[PDB]
Amino acid sequence: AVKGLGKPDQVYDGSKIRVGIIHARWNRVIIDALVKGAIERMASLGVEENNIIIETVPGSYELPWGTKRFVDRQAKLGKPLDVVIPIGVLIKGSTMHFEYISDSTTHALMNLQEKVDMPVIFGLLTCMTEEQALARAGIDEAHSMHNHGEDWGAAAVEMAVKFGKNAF
Amino acid sequence: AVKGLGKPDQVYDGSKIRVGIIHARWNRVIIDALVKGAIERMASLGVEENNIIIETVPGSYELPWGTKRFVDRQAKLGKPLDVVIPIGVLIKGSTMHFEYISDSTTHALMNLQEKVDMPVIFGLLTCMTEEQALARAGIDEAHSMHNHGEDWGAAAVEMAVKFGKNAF
Amino acid sequence: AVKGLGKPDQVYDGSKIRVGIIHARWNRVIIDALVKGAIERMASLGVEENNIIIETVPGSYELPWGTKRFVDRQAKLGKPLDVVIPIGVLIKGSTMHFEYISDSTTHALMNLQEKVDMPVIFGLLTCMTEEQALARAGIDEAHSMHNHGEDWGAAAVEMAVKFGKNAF
Amino acid sequence: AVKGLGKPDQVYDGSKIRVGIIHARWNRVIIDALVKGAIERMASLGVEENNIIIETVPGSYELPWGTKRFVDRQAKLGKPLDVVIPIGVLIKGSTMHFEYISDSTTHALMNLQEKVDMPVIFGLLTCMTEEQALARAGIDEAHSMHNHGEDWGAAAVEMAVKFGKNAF
Amino acid sequence: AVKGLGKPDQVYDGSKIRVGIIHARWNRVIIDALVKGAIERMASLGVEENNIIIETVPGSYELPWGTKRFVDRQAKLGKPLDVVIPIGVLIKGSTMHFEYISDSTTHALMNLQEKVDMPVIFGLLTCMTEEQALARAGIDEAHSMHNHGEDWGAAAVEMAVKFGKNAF
Ligand SMILES: O=P(O)(O)CCCCCc1c(O)nc(O)nc1NC[C@H](O)[C@H](O)[C@H](O)CO
Ligand SMILES: O=P(O)(O)CCCCCc1c(O)nc(O)nc1NC[C@H](O)[C@H](O)[C@H](O)CO
Ligand SMILES: O=P(O)(O)CCCCCc1c(O)nc(O)nc1NC[C@H](O)[C@H](O)[C@H](O)CO
Ligand SMILES: O=P(O)(O)CCCCCc1c(O)nc(O)nc1NC[C@H](O)[C@H](O)[C@H](O)CO
Ligand SMILES: O=P(O)(O)CCCCCc1c(O)nc(O)nc1NC[C@H](O)[C@H](O)[C@H](O)CO
């Protein structure tokens with residue numbers, strides 16, 4: 001038989017992992033809601049509260065190097081991360097700033113995984129409006145969608161447990 | 001009427017190769033159809049079912065690192081892959097998320113080949129609509145196109161047999 | 001006079017850091033206002049006047065290699081930078097030059113951080129019009145925004161203090 | 001379609017060089033016409049028929065790794081290439097697949113030159129319509145333009161003779 | 001109306017440097033005007049006529065590898081370049097070729113600097129029309145703008161003098 005064909009969606013136990021969340025501070029009310037959702041979902045999957053490390057940077061452009069150095073600091077302290085969730089909220093304005101920051105930041109986070117040698121979850125919102133970002137953090141008045149921060153927390157746990165440096 | 005996918009240049013015999021399929025879970029019904037098509041075409045070319053290994057990740061952005069680590073795990077187990085097919089279905093929504101994920105994921109999969117030292121087949125659908133994705137997986141009500149997963153399985157066998165690490 | 005106003009996130013003491021500002025010279029009135037705002041904000045955070053080093057390049061495309069060699073020069077002199085702020089102003093014209101320079105410069109500055117081994121703040125304005133650029137340097141007739149040079153100065157201090165080479 | 005460009009700055013003698021042509025098979029009638037024109041132009045510049053090596057891959061996305069491994073096999077066989085011409089034809093469809101494959105393939109072929117340590121000629125057509133592609137291979141009904149494969153053969157000989165690994 | 005080509009922020013003594021100019025041959029009347037302007041300005045800054053080295057390639061896509069190998073050739077000859085100005089003229093046509101060549105060539109030239117270990121001036125015009133390209137080479141009927149080749153010559157001298165390999 002084909003190995004893994006039809007294997008059901010499993011539950012991941014995050015009890016032994018350490019997760020870093022590093023967030024930008026622009027659009028702070030949205031950021032905070034995304035972070036809280038990631039935290040709650042990881043705690044629901046077993047991640048200990050003392051094993052969830054928070055760090056901040058000024059803007060989304062600072063996420064890649066901030067994440068690199070956050071990983072470095074945690075390893076040097078003897079509390080290395082197994083996975084990290086950089087979180088930022090970018091909202092289109094009148095210039096092309098949104099596009100150039102979003103593009104360079106997204107590629108940099110993707111390409112950073114090889115350098116920090118761990119999964120880096122994509123927690124950057126790249127919205128055309130603030131209303132879109134509120135909805136994607138589960139805090140729009142209409143509660144039209146759900147908090148994507150929860151999905152990022154779940155992905156952090158799965159990626160660490162199945163593919164982390166210590167997984168095999 | 002014209003002329004897309006070309007006829008395979010020859011009948012590739014995939015009997016000695018091992019292929020990994022690693023797929024995201026967004027748009028799961030479409031994903032499953034693409035995966036089945038890839039498996040069916042590879043089996044028709046002689047790849048043994050025991051040498052087809054399936055792995056999964058949450059979303060398309062996790063495909064590049066997941067593929068890197070899936071390759072590592074298979075090699076560490078003494079069952080190295082000769083070729084891998086990362087499969088993901090991205091459908092344009094309201095924000096620029098589709099574009100940023102599609103762009104960084106496509107470039108990362110292309111650039112991953114030198115790192116995993118094997119061919120990585122491009123199995124990402126980057127569609128504007130769900131109907132377009134359905135049609136490209138061969139599951140639209142009208143069956144207007146065909147299952148592109150089959151083409152990806154054929155490409156995996158050809159790339160592994162002609163250019164894989166063990167080909168020469 | 002420490003009047004304050006922008007986002008919490010701790011108060012960073014930049015008294016021990018050395019910051020380089022390297023700026024392009026096209027759109028010089030805008031550039032000069034941006035630079036002056038960055039200097040003023042860093043001075044308000046304790047960065048000493050003799051530890052703010054200024055260098056210039058002709059255009060924004062020269063920022064990446066200019067910054068690489070400015071970092072080299074400062075280290076060879078025994079006055080290494082802890083963080084650098086490349087500043088340039090790109091304004092859309094009639095051709096696609098704006099887009100090609102903006103895109104390659106932004107990615108190069110982001111990817112330069114690993115090479116110079118320090119944070120590189122994104123001080124590149126990528127505006128569709130001159131008025132947009134003026135507004136973002138706090139010098140438009142309407143004073144419709146604020147000088148973004150100040151934000152860059154603040155980010156330079158924070159990134160150096162929290163994540164610079166000498167921070168831990 | 002109004003075409004510029006010049007003839008070498010000389011008549012290059014390609015009698016001592018070995019050229020690889022590696023083509024995708026999507027849009028095969030157009031591909032064949034392009035390949036033929038490159039061959040004819042190279043033969044007219046003195047490249048021996050025994051020193052023109054043809055290889056194929058399924059689609060344009062397979063060109064970069066296909067080229068990398070084709071160079072490797074030729075070198076391993078003691079018949080190393082001095083230059084290679086990857087040829088593919090991409091025609092916009094309904095989704096963004098055309099854009100994502102074109103973008104990642106073009107960058108990958110450009111960046112591959114350092115890795116294969118030889119010139120890699122850009123023989124990808126990135127057309128909006130089939131007509132446009134037919135015209136650029138010299139086979140549209142009206143013969144409006146000319147076969148661009150010829151220009152690619154000419155550029156392969158010039159780059160090999162002037163800048164190939166063995167040129168100096 | 002004949003006058004000094006001096007500019008107050010361009011006062012650099014180029015007497016000790018060697019500059020390479022490597023140009024594409026597509027749109028040759030415009031190319032020649034740009035090259036001429038760069039030579040004229042560098043001569044006005046003291047660069048000696050025997051220290052300005054010219055090389056050519058077929059199209060703008062060949063500029064990155066042509067420049068890499070031109071640098072190698074000059075160093076092997078014991079006449080190493082201190083800075084190089086790749087010049088090419090791209091004019092939008094009916095397909096996406098203009099965009100794919102422009103984008104990959106611009107990124108490759110920017111990233112080539114670390115590899116050739118010298119400044120690489122951005123001398124590529126990426127115009128929508130021939131008239132725009134003519135104007136930017138100072139040869140439109142109207143003489144609406146000025147020859148941008150002059151600015152590139154000035155930047156080449158400044159970058160070599162201030163940041164070249166032998167500057168410090
Ligand atoms: O086009 P406009 O009107 O100027 C709107 C700007 C949208 C992008 C805003 C923007 C945003 O929406 N979100 C985040 O996180 N940062 C942004 N800019 C700050 C940068 O990340 C870096 O901190 C700074 O550049 C120094 O490195
Ligand atoms: O613009 P909208 O309306 O919000 C629609 C979004 C379309 C893109 C959706 C999306 C999709 O269509 N397909 C897949 O596979 N992933 C997507 N996002 C999940 C990410 O891949 C990562 O898992 C997550 O970011 C953590 O790393
Ligand atoms: O499209 P148009 O009308 O020609 C307008 C041009 C807008 C971009 C202008 C432009 C601008 O607005 N700002 C800066 O900093 N540089 C620019 N061009 C100079 C380049 O950076 C390099 O110095 C030079 O290329 C040599 O390396
Ligand atoms: O947007 P639509 O309607 O689906 C049209 C698609 C146009 C692009 C077609 C396409 C085309 O026009 N030409 C080439 O060479 N390959 C294409 N796709 C195949 C890929 O290159 C890889 O073989 C496959 O991805 C596995 O790696
Ligand atoms: O879209 P259309 O109508 O076909 C117009 C084409 C505009 C781009 C033209 C084009 C142009 O305007 N200028 C330059 O320098 N090269 C071009 N194409 C040649 C390439 O640089 C490479 O030499 C060749 O690809 C082999 O490597």
# chains A, B, ... in the order shown; residues from 1 in each chain; ligands from 1
$ residues_around --residues "residue 149 (chain B)" --least-positions-apart "5" --cutoff "10 Å" --atoms "only C-alpha atoms" --output "number ranges by chain"
B: 31-41, 85, 87, 123-124, 136-138, 154-155
$ select_by_dssp --residues "chain E" --states "strand (DSSP E or B)" --output "PyMOL selection string"
chain E and resi 19-23+52-56+83-91+120+123-127+137+147
$ calpha_fit_rmsd --fixed "chain E" --moving "chain A"
5.7 Å
$ residues_near_ligand --ligand "ligand 4" --cutoff "9 Å" --atoms "only C-alpha atoms and all ligand atoms" --output "number ranges by chain"
B: 4-5, 85, 120-127, 132-133, 136, 148-149, 151-156; D: 23-27, 57-63, 87-102, 105, 124-127
$ atom_distance --atom1 "atom 21 (O, counted along the ligand's line) of ligand 3" --atom2 "CA of residue 112 (chain A)"
27.4 Å
$ atom_distance --atom1 "CA of residue 107 (chain D)" --atom2 "CA of residue 69 (chain E)"
19.1 Å
$ closest_residue --among "E:78, E:119, E:46, E:164" --to "ligand 3" --atoms "only C-alpha atoms and all ligand atoms"
E:119
$ closest_residue --among "E:65, E:131, E:71, E:53" --to "residue 118 (chain D)" --atoms "only C-alpha atoms"
E:65
$ residues_around --residues "residue 49 (chain E)" --least-positions-apart "6" --cutoff "12 Å" --atoms "only C-alpha atoms" --output "list in words"
residues 14, 15, 16, 17, 18, 19, 20, 39, 40, 41, 42 and 43 of chain E
$ write_last_selection --atoms "C-alpha atoms" --output "JSON list (two decimals), in the first residue's frame"
[["chain", "number", "residue", "atom", "x", "y", "z"],
["E", 14, "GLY", "CA", 39.18, 59.12, -10.70],
["E", 15, "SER", "CA", 42.80, 59.36, -11.84],
["E", 16, "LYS", "CA", 43.84, 56.07, -10.17],
["E", 17, "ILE", "CA", 40.88, 53.91, -11.15],
["E", 18, "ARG", "CA", 40.15, 51.50, -13.94],
["E", 19, "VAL", "CA", 36.51, 51.27, -15.06],
["E", 20, "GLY", "CA", 34.89, 48.63, -17.21],
["E", 39, "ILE", "CA", 33.04, 57.92, -20.89],
["E", 40, "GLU", "CA", 32.84, 61.69, -21.19],
["E", 41, "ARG", "CA", 31.88, 62.17, -17.57],
["E", 42, "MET", "CA", 34.54, 59.79, -16.24],
["E", 43, "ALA", "CA", 37.19, 61.58, -18.38]]
$ residues_around --residues "residue 163 (chain C)" --least-positions-apart "4" --cutoff "10 Å" --atoms "only C-alpha atoms" --output "PDB file with N, CA and C atoms, in the first residue's frame"
ATOM      1  N   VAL A  57       9.455  43.640  18.024  1.00  0.00           N
ATOM      2  CA  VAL A  57      10.241  44.478  17.131  1.00  0.00           C
ATOM      3  C   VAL A  57       9.320  45.632  16.723  1.00  0.00           C
ATOM      4  N   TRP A  65      15.372  39.752  10.786  1.00  0.00           N
ATOM      5  CA  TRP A  65      16.613  39.818  11.571  1.00  0.00           C
ATOM      6  C   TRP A  65      16.318  39.707  13.055  1.00  0.00           C
ATOM      7  N   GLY A  66      15.175  40.286  13.483  1.00  0.00           N
ATOM      8  CA  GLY A  66      14.766  40.113  14.887  1.00  0.00           C
ATOM      9  C   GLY A  66      14.594  38.633  15.218  1.00  0.00           C
ATOM     10  N   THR A  67      13.988  37.865  14.337  1.00  0.00           N
ATOM     11  CA  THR A  67      13.784  36.433  14.540  1.00  0.00           C
ATOM     12  C   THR A  67      15.112  35.684  14.576  1.00  0.00           C
ATOM     13  N   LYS A  68      15.996  36.045  13.651  1.00  0.00           N
ATOM     14  CA  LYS A  68      17.340  35.414  13.636  1.00  0.00           C
ATOM     15  C   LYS A  68      18.003  35.627  14.981  1.00  0.00           C
ATOM     16  N   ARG A  69      18.050  36.871  15.476  1.00  0.00           N
ATOM     17  CA  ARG A  69      18.730  37.171  16.720  1.00  0.00           C
ATOM     18  C   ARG A  69      18.021  36.669  17.972  1.00  0.00           C
ATOM     19  N   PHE A  70      16.690  36.602  17.888  1.00  0.00           N
ATOM     20  CA  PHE A  70      15.888  36.011  18.989  1.00  0.00           C
ATOM     21  C   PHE A  70      16.264  34.548  19.123  1.00  0.00           C
ATOM     22  N   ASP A  72      19.058  33.206  18.186  1.00  0.00           N
ATOM     23  CA  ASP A  72      20.414  33.194  18.761  1.00  0.00           C
ATOM     24  C   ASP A  72      20.401  33.381  20.274  1.00  0.00           C
ATOM     25  N   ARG A  73      19.700  34.396  20.771  1.00  0.00           N
ATOM     26  CA  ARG A  73      19.653  34.662  22.196  1.00  0.00           C
ATOM     27  C   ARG A  73      19.099  33.478  22.989  1.00  0.00           C
TER      28      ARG A  73
ATOM     29  N   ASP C  82      27.011  49.529  15.179  1.00  0.00           N
ATOM     30  CA  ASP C  82      26.132  48.544  15.806  1.00  0.00           C
ATOM     31  C   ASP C  82      24.856  48.397  14.981  1.00  0.00           C
ATOM     32  N   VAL C  83      24.555  49.365  14.136  1.00  0.00           N
ATOM     33  CA  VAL C  83      23.309  49.321  13.341  1.00  0.00           C
ATOM     34  C   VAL C  83      23.449  50.375  12.266  1.00  0.00           C
ATOM     35  N   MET C 118      24.509  42.846  11.324  1.00  0.00           N
ATOM     36  CA  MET C 118      23.880  43.822  12.214  1.00  0.00           C
ATOM     37  C   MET C 118      22.545  44.190  11.595  1.00  0.00           C
ATOM     38  N   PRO C 119      21.663  44.837  12.358  1.00  0.00           N
ATOM     39  CA  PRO C 119      20.381  45.245  11.800  1.00  0.00           C
ATOM     40  C   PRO C 119      20.561  46.350  10.785  1.00  0.00           C
ATOM     41  N   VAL C 157      17.872  52.302  17.271  1.00  0.00           N
ATOM     42  CA  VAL C 157      18.299  52.137  18.665  1.00  0.00           C
ATOM     43  C   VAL C 157      17.770  50.852  19.262  1.00  0.00           C
ATOM     44  N   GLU C 158      16.474  50.594  19.075  1.00  0.00           N
ATOM     45  CA  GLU C 158      15.904  49.371  19.623  1.00  0.00           C
ATOM     46  C   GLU C 158      16.579  48.122  19.042  1.00  0.00           C
ATOM     47  N   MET C 159      16.698  48.091  17.724  1.00  0.00           N
ATOM     48  CA  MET C 159      17.312  46.849  17.155  1.00  0.00           C
ATOM     49  C   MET C 159      18.754  46.683  17.636  1.00  0.00           C
ATOM     50  N   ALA C 167      24.764  42.860  21.932  1.00  0.00           N
ATOM     51  CA  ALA C 167      23.698  42.872  22.939  1.00  0.00           C
ATOM     52  C   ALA C 167      23.724  41.669  23.864  1.00  0.00           C
ATOM     53  N   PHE C 168      24.223  40.527  23.406  1.00  0.00           N
ATOM     54  CA  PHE C 168      24.266  39.310  24.206  1.00  0.00           C
ATOM     55  C   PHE C 168      25.302  38.347  23.609  1.00  0.00           C
TER      56      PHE C 168
END
$ select_by_dssp --residues "region 55-145 of chain D" --states "helix (DSSP H, G or I)" --output "PyMOL selection string"
chain D and resi 60-76+97-116+130-136
$ closest_residue --among "B:103, B:140, B:13, B:55" --to "chain D" --atoms "only C-alpha atoms"
B:103
